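Just structure-v2.csv here, CSV, C-alpha atoms:
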chain,number,residue,atom,x,y,z
A,2,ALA,CA,0.4,-40.6,14.3
A,3,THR,CA,1.1,-42.6,11.1
A,4,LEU,CA,-1.9,-44.6,12.7
A,5,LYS,CA,-3.6,-41.5,13.8
A,6,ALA,CA,-3.2,-39.8,10.5
A,7,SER,CA,-4.5,-42.8,8.6
A,8,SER,CA,-7.3,-43.4,11.1
A,9,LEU,CA,-8.6,-39.9,10.6
A,10,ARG,CA,-8.3,-40.4,6.9
A,11,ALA,CA,-10.2,-43.6,7.0
A,12,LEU,CA,-12.9,-42.1,9.3
A,13,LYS,CA,-13.6,-39.5,6.7
A,14,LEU,CA,-13.8,-42.1,4.0
A,15,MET,CA,-16.4,-44.1,5.8
A,16,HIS,CA,-19.9,-45.0,4.4
A,17,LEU,CA,-21.4,-45.8,7.7
A,18,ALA,CA,-23.9,-48.6,7.8
A,19,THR,CA,-26.6,-50.1,9.4
A,25,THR,CA,-36.2,-48.7,11.9
A,26,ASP,CA,-36.6,-44.9,12.0
A,27,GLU,CA,-34.9,-44.9,15.4
A,28,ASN,CA,-31.8,-46.9,14.3
A,29,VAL,CA,-31.3,-44.6,11.3
A,30,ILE,CA,-31.6,-41.4,13.3
A,31,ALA,CA,-28.9,-42.7,15.8
A,32,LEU,CA,-26.8,-43.7,12.8
A,33,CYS,CA,-26.8,-40.1,11.5
A,34,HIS,CA,-25.8,-38.9,15.0
A,35,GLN,CA,-23.0,-41.5,15.1
A,36,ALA,CA,-21.7,-40.2,11.7
A,37,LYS,CA,-21.0,-36.8,13.2
A,38,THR,CA,-18.0,-37.3,15.5
A,39,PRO,CA,-15.8,-35.1,17.7
A,40,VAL,CA,-13.0,-35.4,15.0
A,41,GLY,CA,-15.1,-34.9,12.0
A,42,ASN,CA,-17.8,-36.6,9.9
A,43,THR,CA,-17.9,-39.9,7.9
A,44,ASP,CA,-18.3,-39.1,4.2
A,45,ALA,CA,-21.7,-40.8,4.0
A,46,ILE,CA,-24.3,-43.1,5.4
A,47,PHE,CA,-25.7,-46.3,3.9
A,48,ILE,CA,-29.3,-47.2,4.6
A,49,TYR,CA,-32.4,-48.7,2.9
A,50,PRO,CA,-34.1,-46.4,0.3
A,51,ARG,CA,-37.2,-45.8,2.4
A,52,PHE,CA,-35.3,-44.2,5.2
A,53,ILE,CA,-33.6,-41.6,2.9
A,54,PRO,CA,-36.1,-38.7,3.6
A,55,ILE,CA,-35.9,-39.2,7.4
A,56,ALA,CA,-32.2,-39.4,7.3
A,57,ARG,CA,-31.8,-36.3,5.1
A,58,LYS,CA,-33.8,-34.3,7.6
A,59,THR,CA,-31.9,-35.5,10.7
A,60,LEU,CA,-28.5,-34.9,9.0
A,61,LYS,CA,-29.8,-31.4,8.0
A,62,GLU,CA,-30.9,-30.6,11.6
A,63,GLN,CA,-27.6,-31.5,13.4
A,64,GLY,CA,-25.7,-29.3,11.0
A,65,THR,CA,-24.3,-31.9,8.6
A,66,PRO,CA,-25.9,-31.7,5.3
A,67,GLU,CA,-22.8,-32.6,3.4
A,68,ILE,CA,-22.8,-36.1,4.8
A,69,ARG,CA,-24.0,-38.1,1.8
A,70,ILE,CA,-26.7,-40.7,1.7
A,71,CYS,CA,-26.0,-44.0,-0.1
A,72,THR,CA,-28.5,-46.8,-0.7
A,73,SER,CA,-28.8,-50.2,-2.4
A,74,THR,CA,-31.1,-51.8,-5.0
A,75,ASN,CA,-31.4,-55.4,-6.5
A,76,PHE,CA,-30.2,-56.1,-2.9
A,77,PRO,CA,-28.9,-58.3,-1.5
A,78,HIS,CA,-29.5,-61.1,-4.0
A,79,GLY,CA,-28.5,-59.7,-7.3
A,80,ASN,CA,-31.2,-61.3,-9.3
A,81,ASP,CA,-31.1,-60.9,-13.1
A,82,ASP,CA,-34.5,-59.2,-13.7
A,83,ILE,CA,-33.6,-55.9,-15.2
A,84,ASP,CA,-36.9,-54.1,-14.9
A,85,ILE,CA,-37.1,-54.8,-11.2
A,86,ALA,CA,-33.5,-53.7,-10.6
A,87,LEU,CA,-34.3,-50.5,-12.6
A,88,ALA,CA,-37.7,-49.6,-10.9
A,89,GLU,CA,-35.9,-50.0,-7.5
A,90,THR,CA,-33.1,-47.7,-8.7
A,91,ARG,CA,-35.6,-45.1,-10.0
A,92,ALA,CA,-37.4,-45.1,-6.6
A,93,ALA,CA,-34.0,-44.7,-4.7
A,94,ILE,CA,-33.4,-41.6,-6.8
A,95,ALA,CA,-37.0,-40.3,-6.1
A,96,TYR,CA,-36.3,-40.9,-2.4
A,97,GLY,CA,-33.3,-38.5,-2.7
A,98,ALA,CA,-30.3,-40.9,-2.8
A,99,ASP,CA,-26.9,-39.3,-3.5
A,100,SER,CA,-25.8,-42.7,-4.8
A,101,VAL,CA,-27.2,-46.1,-5.4
A,102,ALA,CA,-25.4,-49.5,-5.0
A,103,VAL,CA,-27.0,-52.0,-7.4
A,104,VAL,CA,-26.1,-55.7,-7.0
A,105,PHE,CA,-24.5,-57.2,-10.1
A,106,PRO,CA,-26.3,-60.3,-11.3
A,107,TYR,CA,-23.4,-62.5,-10.3
A,108,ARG,CA,-25.2,-65.9,-10.4
A,109,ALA,CA,-26.0,-65.2,-14.0
A,110,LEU,CA,-22.4,-64.4,-14.8
A,111,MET,CA,-21.5,-67.6,-13.0
A,112,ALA,CA,-23.9,-69.6,-15.1
A,113,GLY,CA,-22.2,-68.1,-18.2
A,114,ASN,CA,-24.3,-65.0,-18.9
A,115,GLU,CA,-22.1,-61.8,-19.2
A,116,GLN,CA,-24.7,-59.8,-21.1
A,117,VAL,CA,-27.5,-59.5,-18.5
A,118,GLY,CA,-24.8,-57.9,-16.0
A,119,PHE,CA,-23.9,-55.4,-18.7
A,120,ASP,CA,-27.5,-54.5,-19.6
A,121,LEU,CA,-28.6,-54.2,-16.0
A,122,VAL,CA,-25.7,-52.0,-14.9
A,123,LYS,CA,-26.1,-49.9,-18.0
A,124,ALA,CA,-29.9,-49.4,-17.4
A,125,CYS,CA,-29.3,-48.2,-13.8
A,126,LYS,CA,-26.5,-46.0,-14.8
A,127,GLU,CA,-28.6,-44.2,-17.4
A,128,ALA,CA,-31.2,-43.5,-14.7
A,129,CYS,CA,-28.7,-42.3,-12.0
A,130,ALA,CA,-26.6,-40.1,-14.4
A,131,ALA,CA,-29.8,-38.5,-15.6
A,132,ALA,CA,-30.3,-37.4,-12.0
A,133,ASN,CA,-26.7,-36.6,-11.1
A,134,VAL,CA,-26.7,-39.7,-8.8
A,135,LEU,CA,-23.6,-42.0,-8.7
A,136,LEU,CA,-24.0,-45.7,-9.5
A,137,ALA,CA,-22.0,-48.2,-7.4
A,138,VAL,CA,-21.9,-51.9,-8.4
A,139,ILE,CA,-21.6,-54.6,-5.9
A,140,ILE,CA,-20.2,-57.7,-7.6
A,141,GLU,CA,-20.2,-59.9,-4.4
A,142,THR,CA,-16.7,-61.2,-4.5
A,143,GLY,CA,-17.3,-63.7,-1.7
A,144,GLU,CA,-19.8,-65.5,-3.9
A,145,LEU,CA,-17.9,-65.2,-7.3
A,146,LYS,CA,-14.8,-66.5,-5.5
A,147,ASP,CA,-12.6,-67.0,-8.6
A,148,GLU,CA,-10.1,-64.3,-9.5
A,149,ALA,CA,-11.2,-64.7,-13.1
A,150,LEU,CA,-14.9,-64.1,-12.3
A,151,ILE,CA,-13.9,-61.1,-10.0
A,152,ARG,CA,-12.1,-59.4,-12.9
A,153,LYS,CA,-14.8,-60.2,-15.2
A,154,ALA,CA,-17.7,-58.8,-13.1
A,155,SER,CA,-15.6,-55.7,-12.4
A,156,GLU,CA,-14.8,-55.1,-16.1
A,157,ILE,CA,-18.4,-55.6,-17.3
A,158,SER,CA,-19.5,-53.2,-14.5
A,159,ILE,CA,-17.0,-50.6,-15.6
A,160,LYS,CA,-17.8,-50.9,-19.3
A,161,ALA,CA,-21.5,-50.6,-18.4
A,162,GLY,CA,-20.7,-47.3,-16.7
A,163,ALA,CA,-20.2,-48.1,-13.0
A,164,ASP,CA,-18.8,-45.0,-11.0
A,165,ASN,CA,-17.7,-47.3,-8.2
A,166,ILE,CA,-17.2,-50.9,-7.9
A,167,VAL,CA,-17.8,-52.6,-4.5
A,168,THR,CA,-16.7,-55.9,-3.1
A,169,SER,CA,-19.8,-57.1,-1.2
A,170,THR,CA,-23.3,-56.7,0.1
A,171,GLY,CA,-22.4,-57.3,3.7
A,172,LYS,CA,-25.1,-60.0,3.5
A,173,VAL,CA,-23.2,-63.2,2.7
A,174,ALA,CA,-20.5,-65.0,4.7
A,175,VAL,CA,-17.4,-63.6,3.0
A,176,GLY,CA,-16.9,-59.8,2.5
A,177,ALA,CA,-13.8,-58.0,1.2
A,178,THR,CA,-10.3,-59.5,1.5
A,179,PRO,CA,-7.0,-57.7,0.7
A,180,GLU,CA,-6.7,-60.0,-2.3
A,181,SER,CA,-10.2,-59.3,-3.8
A,182,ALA,CA,-9.6,-55.6,-3.1
A,183,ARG,CA,-6.3,-55.8,-5.0
A,184,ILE,CA,-7.9,-57.7,-7.9
A,185,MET,CA,-10.7,-55.2,-8.3
A,186,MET,CA,-8.4,-52.1,-8.1
A,187,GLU,CA,-6.1,-53.7,-10.6
A,188,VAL,CA,-9.0,-53.8,-13.1
A,189,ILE,CA,-9.4,-50.1,-12.5
A,190,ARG,CA,-5.7,-49.7,-13.1
A,191,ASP,CA,-5.5,-52.0,-16.1
A,192,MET,CA,-8.4,-50.3,-17.9
A,193,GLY,CA,-6.9,-46.9,-17.0
A,194,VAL,CA,-10.2,-45.6,-15.6
A,195,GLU,CA,-9.0,-44.3,-12.2
A,196,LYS,CA,-10.4,-40.8,-12.7
A,197,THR,CA,-13.9,-42.1,-13.4
A,198,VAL,CA,-14.2,-45.3,-11.1
A,199,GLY,CA,-13.7,-45.7,-7.3
A,200,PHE,CA,-13.5,-48.7,-5.1
A,201,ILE,CA,-15.4,-49.8,-1.9
A,202,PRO,CA,-14.5,-52.6,0.3
A,203,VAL,CA,-17.5,-53.8,2.2
A,204,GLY,CA,-16.8,-56.2,5.1
A,205,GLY,CA,-13.2,-57.3,5.9
A,206,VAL,CA,-12.3,-53.9,7.5
A,207,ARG,CA,-12.7,-54.2,11.2
A,208,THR,CA,-10.0,-52.3,12.9
A,209,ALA,CA,-8.0,-49.1,12.5
A,210,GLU,CA,-5.0,-51.3,11.5
A,211,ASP,CA,-7.2,-53.1,8.9
A,212,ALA,CA,-8.2,-49.8,7.3
A,213,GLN,CA,-4.6,-48.6,7.2
A,214,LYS,CA,-3.6,-51.7,5.2
A,215,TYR,CA,-6.6,-51.3,2.8
A,216,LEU,CA,-5.6,-47.8,2.0
A,217,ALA,CA,-2.0,-48.8,1.6
A,218,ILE,CA,-3.0,-51.1,-1.3
A,219,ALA,CA,-4.6,-48.1,-2.9
A,220,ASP,CA,-1.7,-45.8,-2.3
A,221,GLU,CA,0.7,-48.2,-3.6
A,222,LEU,CA,-1.4,-48.8,-6.7
A,223,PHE,CA,-2.3,-45.3,-7.8
A,224,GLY,CA,-0.3,-43.0,-5.5
A,225,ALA,CA,-1.4,-41.5,-2.1
A,226,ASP,CA,-3.7,-38.8,-3.7
A,227,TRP,CA,-6.0,-41.1,-5.5
A,228,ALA,CA,-8.0,-42.3,-2.6
A,229,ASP,CA,-10.0,-39.2,-1.9
A,230,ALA,CA,-13.8,-39.2,-1.0
A,231,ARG,CA,-15.0,-39.8,-4.6
A,232,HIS,CA,-12.6,-42.7,-5.2
A,233,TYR,CA,-12.4,-44.7,-2.0
A,234,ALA,CA,-14.9,-45.6,0.7
A,235,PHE,CA,-15.1,-48.0,3.7
A,236,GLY,CA,-18.5,-49.7,3.6
A,237,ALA,CA,-18.6,-50.4,7.3
A,238,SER,CA,-20.3,-50.2,10.6
A,239,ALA,CA,-19.8,-48.6,14.0
A,240,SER,CA,-17.3,-51.2,15.1
A,241,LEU,CA,-14.8,-49.9,12.5
A,242,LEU,CA,-15.8,-46.4,13.5
A,243,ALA,CA,-15.3,-46.9,17.3
A,244,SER,CA,-11.9,-48.6,16.4
A,245,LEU,CA,-10.9,-45.6,14.3
A,246,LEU,CA,-11.9,-43.1,16.9
A,247,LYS,CA,-10.2,-45.2,19.7
A,248,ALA,CA,-7.0,-45.0,17.7
A,249,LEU,CA,-7.5,-41.2,17.9
A,250,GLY,CA,-7.9,-41.1,21.7
A,251,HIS,CA,-11.8,-41.2,21.6

Could I get this structure in the form of structure tokens?
Amino acid sequence: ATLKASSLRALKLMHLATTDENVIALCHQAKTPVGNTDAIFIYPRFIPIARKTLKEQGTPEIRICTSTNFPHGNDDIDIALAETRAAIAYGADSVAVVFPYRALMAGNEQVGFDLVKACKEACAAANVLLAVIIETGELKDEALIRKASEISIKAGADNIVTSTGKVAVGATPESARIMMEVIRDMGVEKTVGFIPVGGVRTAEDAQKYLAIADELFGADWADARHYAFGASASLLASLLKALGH
């Protein structure tokens, strides 16, 4: 019941991930006997069918998140932006664009800034939030992790995100802490949230991830707008099991 209280908390912070059939089932999985995940995360094309299914089962407040420049994080701005504009036209509540991390690793900090800033202008124009996935498991270095997060934040990111879930290494407690300390060190905790993708597998993992946030900013900071678990139904069935379900 410290574990049950934080399990419930984490369940409601979930951005539940994973065909028309799979996405429909996903929406039904997001609606649980103890409450609803905050959102789902799906490919842009599935947004209209998801919106409808979520509307039908009585859960229109469950948000729909999606990804662009994904999963590779290439450095073509116009492609990243056209993808982001389509995501919006589909009805996304937020878009996770992949930061051009290879470009930053080959010494180019400016293309990450321009790219994030172009997708942010599109999203803000439509009242859509922009998340930025820096892909910590590829950047690897603490210094590059800070750097990608700071550029993202200056370019207007609303949320910074560890990972795509598509490479070998997702979130670790250490990359999570580095990224949140950038939010702290720039003093932008009102305007910027955080999302670990990968690395959270169990109810006990989630509890530990939130405790980093609570210790950094206080226990009120991590609210639906400022913290999400970018995760699948294994985390969810863990969280629910921890609740007697």

Task: atom CA of residue 42 of chain A to atom CA of residue 102 of chain A, distance in Å rounded to a single decimal - done: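 These two atoms are separated by 21.1 Å.
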
### Distance query 10 Å from (-20.8, -46.6, -12.6) using all atoms listed in the file, result as a PyMOL selection string
chain A and resi 101-103+122-123+125-127+129-130+134-138+158-166+197-199

Q.
Which residues are close to segment 143-150 of chain A, i.e. within 10 Å by all atoms listed in the file, leaving aside same-chain residues fewer than 3 positions away? Reply as a list in words.
A.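 With the cut-off at 10 Å, the set is residues 107, 108, 110, 111, 140, 153, 154, 155, 156, 168, 169, 170, 171, 173, 174, 175, 176, 177, 178, 180, 181, 184 and 185 of chain A.
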
Quick one: everything within 8 Å of residue 46 of chain A, counting only C-alpha atoms, minus sequence neighbours fewer than 2 positions away in the same chain. Send it as a ChimeraX atom specification. /A:15-18,32-33,36,43-44,48,68-71

If you count only C-alpha atoms, which residues fall within 7 Å of residue 56 of chain A, apart from same-chain ones fewer than 3 positions away, as an MDAnalysis selection string?
chainID A and resid 29:30 33 52:53 59:60

Skipping near chain neighbours, those fewer than 3 positions away, what residues fall within 9 Å of segment 227-230 of chain A using all atoms listed in the file, listed as a PyMOL selection string? chain A and resi 13-15+44+195-196+199-200+216+219-220+223-224+233-234

Export, as a compact mmCIF listing (two decimals), in the frame of the given file, the selected residues with C-alpha atoms.
# COMPACT_ATOMS: atom_id res chain seq x y z
CA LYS A 13 -13.60 -39.50 6.70
CA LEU A 14 -13.80 -42.10 4.00
CA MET A 15 -16.40 -44.10 5.80
CA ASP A 44 -18.30 -39.10 4.20
CA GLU A 195 -9.00 -44.30 -12.20
CA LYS A 196 -10.40 -40.80 -12.70
CA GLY A 199 -13.70 -45.70 -7.30
CA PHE A 200 -13.50 -48.70 -5.10
CA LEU A 216 -5.60 -47.80 2.00
CA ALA A 219 -4.60 -48.10 -2.90
CA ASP A 220 -1.70 -45.80 -2.30
CA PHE A 223 -2.30 -45.30 -7.80
CA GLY A 224 -0.30 -43.00 -5.50
CA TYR A 233 -12.40 -44.70 -2.00
CA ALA A 234 -14.90 -45.60 0.70

Quiz prompt | Within 6 Å of residue 105 of chain A using only C-alpha atoms, minus same-chain residues under 5 positions, as a PyMOL selection string | solution = chain A and resi 79+118+139-140

Preceding selection exported with C-alpha atoms as a JSON list (two decimals), in the coordinates of the input:
[["chain", "number", "residue", "atom", "x", "y", "z"],
["A", 79, "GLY", "CA", -28.50, -59.70, -7.30],
["A", 118, "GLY", "CA", -24.80, -57.90, -16.00],
["A", 139, "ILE", "CA", -21.60, -54.60, -5.90],
["A", 140, "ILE", "CA", -20.20, -57.70, -7.60]]

- Query: Which residue, A:124, A:94, A:222, A:167, has the smallest gap to residue 190 of chain A when you use only C-alpha atoms?
  - Reply: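 Checking each of A:124, A:94, A:222, A:167 against residue 190 of chain A, counting only C-alpha atoms, the winner is A:222.
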
Taken to one decimal, the atom CA of residue 57 of chain A-atom CA of residue 95 of chain A distance is 13.0 Å

Is it possible to get the residues within 10 Å of (-34.4, -57.8, -16.9) (coordinates as in the file, counting only C-alpha atoms) written as a PDB file with C-alpha atoms, in the frame of the given file?
ATOM      1  CA  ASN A  80     -31.200 -61.300  -9.300  1.00  0.00           C
ATOM      2  CA  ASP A  81     -31.100 -60.900 -13.100  1.00  0.00           C
ATOM      3  CA  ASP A  82     -34.500 -59.200 -13.700  1.00  0.00           C
ATOM      4  CA  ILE A  83     -33.600 -55.900 -15.200  1.00  0.00           C
ATOM      5  CA  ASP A  84     -36.900 -54.100 -14.900  1.00  0.00           C
ATOM      6  CA  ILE A  85     -37.100 -54.800 -11.200  1.00  0.00           C
ATOM      7  CA  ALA A  86     -33.500 -53.700 -10.600  1.00  0.00           C
ATOM      8  CA  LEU A  87     -34.300 -50.500 -12.600  1.00  0.00           C
ATOM      9  CA  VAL A 117     -27.500 -59.500 -18.500  1.00  0.00           C
ATOM     10  CA  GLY A 118     -24.800 -57.900 -16.000  1.00  0.00           C
ATOM     11  CA  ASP A 120     -27.500 -54.500 -19.600  1.00  0.00           C
ATOM     12  CA  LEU A 121     -28.600 -54.200 -16.000  1.00  0.00           C
ATOM     13  CA  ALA A 124     -29.900 -49.400 -17.400  1.00  0.00           C
TER      14      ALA A 124
END

Residue with the minimum atom-to-atom distance to residue 221 of chain A, picked from A:186, A:242, A:203, A:55 with all atoms listed in the file counted, is A:186
